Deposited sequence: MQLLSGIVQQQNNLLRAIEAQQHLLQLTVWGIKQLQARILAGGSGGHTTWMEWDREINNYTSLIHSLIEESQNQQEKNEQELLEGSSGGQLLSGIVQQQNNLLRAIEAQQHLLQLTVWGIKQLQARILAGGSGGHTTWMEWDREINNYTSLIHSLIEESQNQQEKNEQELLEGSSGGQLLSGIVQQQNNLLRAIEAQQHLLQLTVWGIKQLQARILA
């Protein structure tokens, strides 16, 4: 009935939020590399490699999630639905994890640049959201494990629904984290030249 269709629908929404967030992240990454060049602030080469590596990965994940979304929608238009819905939660969780590493690298970038050019309020906010997301990601990992285990051998439906709440909270918290790093970049640029 409408329970599973409603879950596939919300997963479409969540993948859209992740695409949008990725777009903003891209902007922030670009802005930092640009400021890095102008400010001149080997340890940055390896950061640039991690940025690029995790950015490829996020692009893969987004793509694979798009493919899985389509199949899931086909399965509704037409067991394998449950399986795919659970696989679609693992894809979204992975994307959130890779985006979180990316965010953390951008935060690092901002800290390096601000130690060349208050921020204590900013720091406190960064840590609060970082700790929260770390904990939401961890709860999502445990629920994913539980849901995968059940799917091999309901409890399943409950944890599937609970996993939708987990992912949504993590994204909403990432949104806040993004706004803070945007704030940080704007605050740094406003001080050069």
Checklist entry - How would you list, in order, the spans of the deposited sequence that the model does not cover? => result 42-47, 85-88, 128-136, 173-176, 217
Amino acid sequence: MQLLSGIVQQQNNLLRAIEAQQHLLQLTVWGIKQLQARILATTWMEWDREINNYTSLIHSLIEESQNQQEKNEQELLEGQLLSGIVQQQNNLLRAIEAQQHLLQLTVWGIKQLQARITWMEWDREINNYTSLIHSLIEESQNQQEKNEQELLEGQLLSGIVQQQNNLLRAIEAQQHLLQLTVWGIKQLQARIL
From here on, numbers count along this sequence of modelled residues.
Item to check | 11-19 or 178-186, whichever carries the higher mean Cα B-factor | outcome: 178-186
Item to check | 46-54 set against 60-68, stretch whose average Cα temperature factor tops the other in the entry | outcome: 46-54
Checklist outcome for this item: When the entry's CA B-factors for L132, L157, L35, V29 are compared, the highest one belongs to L35
Checklist outcome for this item: Per the deposited B-factor column, the C-alpha that peaks among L168, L40, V161, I137 belongs to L40
Next on the checklist: Using the temperature factors of the C-alpha atoms in this entry, rank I117 within its chain: lowest, middle or highest third.
Outcome noted: highest
Next on the checklist: For the chain shown, is the CA B-factor of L105 in the lowest, middle or highest third of its modelled residues?
Outcome noted: middle
Next on the checklist: Based on the deposited C-alpha B factors for this chain, I'd like to know if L76 is in the lowest, middle or highest third.
Outcome noted: highest
